[PDB]
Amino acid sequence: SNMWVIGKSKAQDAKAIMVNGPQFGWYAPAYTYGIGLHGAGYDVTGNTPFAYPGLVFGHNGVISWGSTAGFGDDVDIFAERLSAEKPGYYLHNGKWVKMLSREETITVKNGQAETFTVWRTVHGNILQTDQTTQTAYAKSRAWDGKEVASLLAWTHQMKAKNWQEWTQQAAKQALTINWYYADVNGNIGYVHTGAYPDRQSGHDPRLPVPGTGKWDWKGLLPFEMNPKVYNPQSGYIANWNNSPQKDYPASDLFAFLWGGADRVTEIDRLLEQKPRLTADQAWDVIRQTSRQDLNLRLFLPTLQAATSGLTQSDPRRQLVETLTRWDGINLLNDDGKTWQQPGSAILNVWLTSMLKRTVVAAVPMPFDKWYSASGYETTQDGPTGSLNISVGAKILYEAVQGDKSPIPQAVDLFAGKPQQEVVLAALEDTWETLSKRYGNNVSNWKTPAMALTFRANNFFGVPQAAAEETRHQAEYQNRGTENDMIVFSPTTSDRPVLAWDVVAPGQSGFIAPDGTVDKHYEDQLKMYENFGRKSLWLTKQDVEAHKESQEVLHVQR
């Protein structure tokens, strides 16, 4: 998920501009739901995932808000001590404590029912048990028992009218999430929200801790500790699930890292490029970042240095010259199925080869499979989410930095060979593989483009529509599931706020019993594909002015 917030000093013909592209995969009917609420202290417009009571994306005419996944480390595993005799007990603070348990019956359409037990300790629900060690793992979340309060903080924030009121709500959102703020005066802000544990000294958050007592968290860290910025010196706020601040530790996921190779750089480059940006220019960053190869920038210097003393008739040198001539922006050919330049295909084969010779070689099986992905892997339906730099690729970047990298190289990944020789060997592999499929004339290589699929199954793999309801877009776009833009104090209007969004396929997922599809079932699908957008209405006169229907209810509690 990405976000860019532009303040007074960076905005052109407005005081503040907010562009959000939450990334949750592509689904039919739409992941989010458009809604405006006017009454009981609320006056909002926007869209939100699964029609939650609180709007994750929108504005109230005074302030605007948005979000991106935080990825802080808020979950730790406790290795619970069991006794072989006295079962359903665990040792805690020198006493054998009894576990909470619950039985569950799974009813099955056309099969027998199934029952099982769920166990819980002071630390959390039991994940797995090792009856050979006599160890049970309990998953401990810092937000345990604040789930409901997080929902309500997301609802109450819609009523804030300033930063002061807004942060009182940010302090109650307990999940690891980045929150963003903009207002009619041009003020902009950011908060890395969430509940984080106050760990015992010498607790390594990447690995399990004994749950017998000494390793128990001291409590939770105060909100004064949560990374935050208000009216930053740069004039803008950018995030693409990158680190909030210097020395902030990421999630413990082996596959997740915050290193020198980060896709947020692609946003920063574009925002620093122009002294001021207009709303069209801010919107336009979606199109560029949607199409940008994420590896070009990181390894082009490395490939250039390695092929500098090679001959023009040398195919490994040719491949590097192709990439040098390229801007990294993927464009479809007229055929709607292949890309204009072979760059991504080259980087994909090269990177796979490089990983196999370096990172993969240094790790024991089967842990080696965790580092072999190049990050181009997809299927026929295309990627299921956003494109990122793979973990293996982030680790190889630090290695190619040599001594400029802050990460101590305990094992030399190049295994005593000069870098240039491993790079040229991978380039030979690349050429051998690609030339075999497409021929020798690099100029006529017609490489396959990634596509986009609006899936009928929700993110859990559960049908939320009929299979036939699946939609296909020819061009894969590395962008939000939805995109929304809020412009405060346009110089261009009489209106103090202007907002736009796109909720594809459409607002409604309704299909009548006869097979008659709603009028708003898919009227936003083409708009999505060509980077279009629809106006969001807040005031009564705009809403009235654009009404298509009215329904009045008389209900009493």
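Between two forms, the rigid core is the largest collection of C-alphas that superpose within 1.5 Å. When you see a residue number, it is the position in the sequence shown, counting from 1.
Out of 400-408 and 128-136, which one drifts farther from the shown form in 4 other deposited structures of this protein in terms of CA positions, with the fit done on the rigid core? Of the two stretches, the larger average C-alpha offset in 4 other deposited structures of this protein falls on 128-136.
Quick one: with the core lined up, is it 82-90 or 67-75 that wanders further in 4 other deposited structures of this protein, going by C-alpha RMS? This comes out as 82-90, the stretch further from the shown form in 4 other deposited structures of this protein.
Would you tell me which stretch averages the higher CA B-factor in the PDB entry, 356-364 or 248-256? Result: 356-364.
With reference to the PDB entry, specify whether the mean Cα temperature factor is higher for 457-465 or for 306-314. Higher mean C-alpha B-factor: 306-314.
So if I compare the CA B-factors in the entry for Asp73, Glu475, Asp268, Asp216, which one is the largest? Largest recorded C-alpha B-factor: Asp216.
Checking the entry, which one of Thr481, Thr384, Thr430, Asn239 has the top C-alpha B factor? Out of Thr481, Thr384, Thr430, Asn239, the record gives the largest C-alpha B-factor to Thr384.
Split the chain's modelled residues into thirds by Cα B-factor; is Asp183 in the lowest, middle or highest one? Middle third, going by the recorded CA B-factors of the chain.
Relative to the other modelled residues in the chain, which third contains the C-alpha temperature factor of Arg81: lowest, middle or highest? Top third by C-alpha B-factor.
Consider only the C-alpha atoms of the modelled residues in this chain, order them by B-factor as the entry records it, and name the third containing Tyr137: lowest, middle or highest. For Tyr137, the deposited C-alpha B-factor lands in the middle third.
Which third of the chain does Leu525 land in by C-alpha B-factor: lowest, middle or highest? Answer is middle: the recorded C-alpha B-factor places it there.
CA B-factor ranking of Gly509, expressed as a third of its chain: For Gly509, the deposited C-alpha B-factor lands in the lowest third.
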